[PDB]
Amino acid sequence: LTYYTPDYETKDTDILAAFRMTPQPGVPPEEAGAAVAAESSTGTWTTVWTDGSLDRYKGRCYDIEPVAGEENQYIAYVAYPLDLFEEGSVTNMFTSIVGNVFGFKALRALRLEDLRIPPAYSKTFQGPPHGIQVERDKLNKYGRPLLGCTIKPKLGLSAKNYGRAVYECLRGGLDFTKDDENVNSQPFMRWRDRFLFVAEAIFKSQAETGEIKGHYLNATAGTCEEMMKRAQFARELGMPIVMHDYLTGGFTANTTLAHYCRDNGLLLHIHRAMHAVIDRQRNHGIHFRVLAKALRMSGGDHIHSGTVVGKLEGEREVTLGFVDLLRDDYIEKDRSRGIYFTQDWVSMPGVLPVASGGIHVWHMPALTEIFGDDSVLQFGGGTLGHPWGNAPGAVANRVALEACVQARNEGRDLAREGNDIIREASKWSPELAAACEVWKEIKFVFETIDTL
Amino acid sequence: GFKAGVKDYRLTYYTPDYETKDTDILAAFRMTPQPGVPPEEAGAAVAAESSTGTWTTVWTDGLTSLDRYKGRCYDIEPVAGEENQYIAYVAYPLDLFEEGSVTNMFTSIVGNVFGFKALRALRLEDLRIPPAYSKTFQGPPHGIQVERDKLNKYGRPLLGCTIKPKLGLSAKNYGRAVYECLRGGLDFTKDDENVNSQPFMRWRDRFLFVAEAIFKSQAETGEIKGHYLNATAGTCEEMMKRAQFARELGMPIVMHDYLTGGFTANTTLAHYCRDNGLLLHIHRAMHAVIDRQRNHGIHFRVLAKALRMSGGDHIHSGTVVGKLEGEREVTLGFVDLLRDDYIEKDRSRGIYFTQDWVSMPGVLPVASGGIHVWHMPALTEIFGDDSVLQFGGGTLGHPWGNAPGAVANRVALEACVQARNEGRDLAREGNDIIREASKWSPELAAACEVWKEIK
Amino acid sequence: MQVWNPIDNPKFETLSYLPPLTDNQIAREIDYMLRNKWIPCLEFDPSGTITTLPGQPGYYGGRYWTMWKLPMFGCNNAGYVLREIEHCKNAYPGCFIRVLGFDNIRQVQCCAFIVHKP
Amino acid sequence: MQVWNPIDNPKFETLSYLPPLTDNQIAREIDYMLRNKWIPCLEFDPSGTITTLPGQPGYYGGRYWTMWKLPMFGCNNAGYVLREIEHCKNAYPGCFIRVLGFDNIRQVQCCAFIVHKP
Ligand SMILES: O=C(O)[C@@](O)(COP(=O)(O)O)[C@H](O)[C@H](O)COP(=O)(O)O
Ligand SMILES: [Mg+2]
Numbered sequence: 022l023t024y025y026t027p028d029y030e031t032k033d034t035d036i037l038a039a040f041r042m043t044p045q046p047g048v049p050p051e052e053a054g055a056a057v058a059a060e061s062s063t064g065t066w067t068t069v070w071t072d073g076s077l078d079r080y081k082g083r084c085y086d087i088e089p090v091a092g093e094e095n096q097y098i099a100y101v102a103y104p105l106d107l108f109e110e111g112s113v114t115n116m117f118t119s120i121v122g123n124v125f126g127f128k129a130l131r132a133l134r135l136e137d138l139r140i141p142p143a144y145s146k147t148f149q150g151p152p153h154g155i156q157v158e159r160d161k162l163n164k165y166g167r168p169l170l171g172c173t174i175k176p177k178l179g180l181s182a183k184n185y186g187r188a189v190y191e192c193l194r195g196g197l198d199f200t201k202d203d204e205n206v207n208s209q210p211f212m213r214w215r216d217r218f219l220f221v222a223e224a225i226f227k228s229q230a231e232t233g234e235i236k237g238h239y240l241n242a243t244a245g246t247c248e249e250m251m252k253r254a255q256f257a258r259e260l261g262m263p264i265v266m267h268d269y270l271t272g273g274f275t276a277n278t279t280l281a282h283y284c285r286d287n288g289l290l291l292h293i294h295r296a297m298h299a300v301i302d303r304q305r306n307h308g309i310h311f312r313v314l315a316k317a318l319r320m321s322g323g324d325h326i327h328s329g330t331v332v333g334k335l336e337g338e339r340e341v342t343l344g345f346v347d348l349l350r351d352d353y354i355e356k357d358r359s360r361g362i363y364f365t366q367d368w369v370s371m372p373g374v375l376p377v378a379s380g381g382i383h384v385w386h387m388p389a390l391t392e393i394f395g396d397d398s399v400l401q402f403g404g405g406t407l408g409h410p411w412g413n414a415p416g417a418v419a420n421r422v423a424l425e426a427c428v429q430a431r432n433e434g435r436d437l438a439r440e441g442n443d444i445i446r447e448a449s450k451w452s453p454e455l456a457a458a459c460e461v462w463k464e465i466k467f468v469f470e471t472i473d474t475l
Numbered sequence: 012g013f014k015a016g017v018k019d020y021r022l023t024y025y026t027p028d029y030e031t032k033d034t035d036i037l038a039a040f041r042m043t044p045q046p047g048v049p050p051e052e053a054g055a056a057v058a059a060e061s062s063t064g065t066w067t068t069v070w071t072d073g074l075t076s077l078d079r080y081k082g083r084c085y086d087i088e089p090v091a092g093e094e095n096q097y098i099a100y101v102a103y104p105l106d107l108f109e110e111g112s113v114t115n116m117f118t119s120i121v122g123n124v125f126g127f128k129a130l131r132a133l134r135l136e137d138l139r140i141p142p143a144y145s146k147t148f149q150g151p152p153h154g155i156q157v158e159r160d161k162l163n164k165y166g167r168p169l170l171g172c173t174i175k176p177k178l179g180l181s182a183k184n185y186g187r188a189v190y191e192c193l194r195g196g197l198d199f200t201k202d203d204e205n206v207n208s209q210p211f212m213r214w215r216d217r218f219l220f221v222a223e224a225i226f227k228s229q230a231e232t233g234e235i236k237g238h239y240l241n242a243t244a245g246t247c248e249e250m251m252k253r254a255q256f257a258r259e260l261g262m263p264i265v266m267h268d269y270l271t272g273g274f275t276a277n278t279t280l281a282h283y284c285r286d287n288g289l290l291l292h293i294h295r296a297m298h299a300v301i302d303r304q305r306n307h308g309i310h311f312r313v314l315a316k317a318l319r320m321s322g323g324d325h326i327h328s329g330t331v332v333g334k335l336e337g338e339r340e341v342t343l344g345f346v347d348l349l350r351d352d353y354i355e356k357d358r359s360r361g362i363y364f365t366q367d368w369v370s371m372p373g374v375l376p377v378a379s380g381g382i383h384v385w386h387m388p389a390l391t392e393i394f395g396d397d398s399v400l401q402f403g404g405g406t407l408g409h410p411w412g413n414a415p416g417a418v419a420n421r422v423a424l425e426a427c428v429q430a431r432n433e434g435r436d437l438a439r440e441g442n443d444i445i446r447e448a449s450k451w452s453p454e455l456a457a458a459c460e461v462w463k464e465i466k
Numbered sequence: 001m002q003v004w005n006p007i008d009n010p011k012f013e014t015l016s017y018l019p020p021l022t023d024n025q026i027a028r029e030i031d032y033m034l035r036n037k038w039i040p041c042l043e044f045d046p047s048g049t050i051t052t053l054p055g056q057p058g059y060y061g062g063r064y065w066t067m068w069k070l071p072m073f074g075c076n077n078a079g080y081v082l083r084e085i086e087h088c089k090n091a092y093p094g095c096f097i098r099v100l101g102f103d104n105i106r107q108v109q110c111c112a113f114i115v116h117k118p
Numbered sequence: 001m002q003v004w005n006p007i008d009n010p011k012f013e014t015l016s017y018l019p020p021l022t023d024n025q026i027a028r029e030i031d032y033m034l035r036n037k038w039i040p041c042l043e044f045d046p047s048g049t050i051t052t053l054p055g056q057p058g059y060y061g062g063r064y065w066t067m068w069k070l071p072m073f074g075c076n077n078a079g080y081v082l083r084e085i086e087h088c089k090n091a092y093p094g095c096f097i098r099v100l101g102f103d104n105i106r107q108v109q110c111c112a113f114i115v116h117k118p
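Residue numbers (the entry's author numbering), protein chains in the order written: chain E, 22 to 73, 76 to 475; chain F, 12 to 466; chain J, 1 to 118; chain I, 1 to 118.
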């Protein structure tokens, strides 16, 4: 009746959010909606404490809908004034909206779904260091998706051996190479030698083929001083790109690094670790699209988006929606893909998506269709598990992609005629033939737990 | 030697008969797999994709010697009642971790295994840290005894209060209320987690006014007083600037948020606080998004152990009187995990492994959230005189003002302590002792009327 | 197993691993480009070496070429493009030749490939 | 439209874009120089390459040449200058030759152009 204004005309400088709620038996719905608004702001419906203007500092519920198909499920909408947030700080925003509403006992579960950030609040952030167009112009690569590979085994290899594999992999036809996310500095291998050996391998490989190559160097550390020390060396050597984990490291550290990278002209690659602890259940936690928006605001160039045919969960429509949210500039409302609000980015650069996690040659036609030529595809066991070696493995991966791109350009299908394309290509490639014979019947099909 | 192809995990990562060493890290998850997969394969899969393993056999492994860098599942126990639940146990070699980093330890155990398409849920329960990995950390800046020596307060729990719903206030009005509450008789005074720097109030002048109030309140009573100043920010240059200014004004304590800020910044702040001689107060926000549901997430007793090694002096722990038997045993156990030095195994209290801390300082627990005068003997008898009690609306709600509100709490606490130091039982007598003390103190009256008895 | 030859094996980016291209293939992409409304253009250069600098990330030498005439704005047939290529081949017979495309809405190129070698 | 040849097209500063110069043109500027009371001088060198340094603004290599004899002070006829050029051409037949001028009031040169190529 108070924290529930069923007519409030939302302004154009307000932040909006949408929760899904599971009330206890008996509690009326329009009563719980008003409790979420207050428990996320002041914590009262009376004026016993004010009389000190309030009102200009309180959130209000302005709509309620029932979820079709479920007898106990609702959607609540809440508006928040602009003067409640500090400019240029994601930590504050997260603390102010979600930091007490998930322990309310009168409820059984809660899940945040979407958020609308107005242009009057987005202009105070810096954003991605370079973007999409600038990186393509720097690397001089147009017309096709990029390729990459991760090194294995994880933990156990020395530095000379680590560098001997990068060269053979890089000399075969790939573009990028990466360190596992759990490789920082360990007794069996320290970082300052790995950097040097990787640099030597990169130079030797570049001099041979005649194209630009790179490798993502990990910069996660336990203190800020060490993290900043590990990037100045990479700047000194002339390497073009670095990597950082933003969920186990922090938002404060990620923002400091993004500023440094913008200042000194480097490229940033982000990894999403521990995220499955928050967004896997369909009735508790925070959806991944909110974290994607937060990262785009904080700063980054690449981001993992997941596959749909690998060893880890992921649905199609949902993915198609958030990928559009990540890359585009103006997005319209569409409830059939999980979009609740219209979003405007007022000229802010985009972010490249990345797909990785148990994939091989008999999966190219599909990937090439779900994602356009504006993504990066990674293959770790698909290159180092080839019956011959790392160079023969890399060549087989590039030929498949070239054949798929040519077939797409000639005006043929890809969902209906895909196996043929691969076969007609193995007829003239002695390396592609070997790979196809090893992984013919290896797929992953289970029941989805986070349907929609 | 190399055979390209795919194999099973239970062929190299399941060691039913393994004797653990004294430099190993142990874990314990509860799992619920999908229809089709036997339990053994599931356990083996977790150990593999968390130590050293992929999905299709690589050749670069015949030049590193495994059986020296791999994790192993060595026990699986079914859960009574449930039909598809089991407890697993994994062992991790010591050479897999970087010294002095909590970020690394977490990235490995919990990183990319809670999202496999062959499971439905997962939950981490406990961890055993060997005494050879802990000696590489610093721990809390000061501890328990050193802080008590610094403040010169013995024998009783400390008191505090928080500025409740009172935003949009100017700095001068904030300082006036702080001074009134401090002159009332309390010890500490908090802030508000959602207050860093906003158009209605910036931080420098708020710091100035609070510092002005503290000295003038201290002069009239001859006791040491303090106030927590929030230092959470967006970059690492702002946080350091605020900490340096707080040190320059000569304040004794600061405050930080460690779940939404990160581990790296928390470790940096702890190092600075140890170097320059300050106290650290830790607030836990957003924790309910992880540790609430019973079949997915991470239990709080692991985050407590991580906070103790990264560094801190105070931590929130919640109240334990509105619960019931059976429960509150977990809370009493993980309080002991925070304060003691040697904890033995006890399954009834939710302890899975024996933990030794080899001479590391303790952490003071904090209880808060809706409490008034009638609850004093219970809290005194449960926690003991090694905690901090925080009052909210029970101080600013007095009908006479803010200053008389603290006198009632002080009198009640002193009466409860005196009653305990005489042999009287604080559990059965309870409501009776408060009434006698209310007879010769007009402020305890007119407060024992707004708030009724227990039962 | 066989061994990839490391001696004197240069590559020229996109469509360099597939078998050699024919004139039919060539006049098939030019059409794909035209169907999406993009502006063609030609470039030539006598070398393909890449040079770096001591300590400047993101700087390389040898990325710019020489423009033939001007971008073919308002072109709706492919034939014209093929004639212009023969003119360029006749003019300078000791240089590489490349074909580009342009999108004015996102301000970025869209494709590039080689059609003549010395 | 036509295309400007980018291959093997060096230039030598002033008066290098106009059609080749004749001896009449040559003995026309020498007179213009003399009418304003300036001092002639000759210089020779076997190369014209320019070299830079990593991080020093305003430093280039290859700006100094070799002086023939000495500046012709107190010269009032052109003929003499033309004879001296033929002597220099006979002496070193595999070098460039330049003609300069000098103003002692502002302390600066006034003109320069090439008269012989290998
Ligand atoms: O560590 C790994 O398993 C990977 O390198 C894949 O290796 P393989 O391809 O060799 O299996 C990727 O990091 C995961 O895909 C991360 O998952 P997400 O993209 O969901 O973060
Ligand atoms: Mg990995």
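Positions of the beta carbon are idealized from the N, C-alpha and C atoms, including for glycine.
List the whole-angstrom C-beta distance separating residue i from residue j, where the pair is believed to meet the contact cut-off of C-beta under 8 angstroms.
i, j, result
"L37(F)", "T43(F)", "That pair is no contact at about 21 angstroms."
Given that a residue counts as buried once 16 or more other Cβ atoms are within 10 Å of its Cβ, and exposed if not, what is residue i?
i, result
"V374(E)", "buried"
"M1(I)", "exposed"
"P151(E)", "buried"
"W4(I)", "exposed"
"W214(F)", "buried"
"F274(E)", "buried"
"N413(F)", "buried"
Can you tell me where the alpha helix (DSSP H) with residue i in it begins and where it stops?
i, result
"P415(E)", "413-432"
"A224(F)", "214-232"
"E93(E)", "First-last for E93(E): undefined, no H or E at that position."
"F256(F)", "247-259"
"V113(F)", "113-120"
"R79(E)", "Element bounds for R79(E): n/a, residue is neither H nor E."
What are the boundary residues of the beta strand (DSSP E) that includes residue i?
i, result
"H238(F)", "Where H238(F) is concerned, there is no enclosing beta strand (DSSP E), given that its DSSP letter is neither H nor E."
"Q149(F)", "Unbroken run through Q149(F): none, as it is neither H nor E."
Measuring only between beta-carbons, confirm whether residue i sits less than 8 angstroms from chain E.
i, result
"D286(F)", "no"
Kindly indicate if chain J contains any beta-carbon less than 8 angstroms away from that of residue i.
i, result
"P10(I)", "no"
"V265(E)", "no"
"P89(E)", "no"
"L289(E)", "yes"
Please name the residues in the segment 227-248 of chain E whose beta-carbon is closer than 8 angstroms to at least one beta-carbon of chain F, in chain order. Cβ contacts with chain F come from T243, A244, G245, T246, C247, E248.
Listed from N- to C-terminal order along the chain, which residues in the segment 49-74 of chain J have their beta-carbon within a distance smaller than 8 angstroms of any beta-carbon of chain I? Of all residues in the segment 49-74 of chain J, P54, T66, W68, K69, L70 have a Cβ within less than 8 angstroms of some Cβ in chain I.
What are the residues of the segment 18-47 of chain J that lie near chain I, defined by any Cβ-Cβ distance shorter than 8 angstroms? Within the segment 18-47 of chain J, the residues whose Cβ lies closer than 8 angstroms to any Cβ of chain I are, in chain order, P46.
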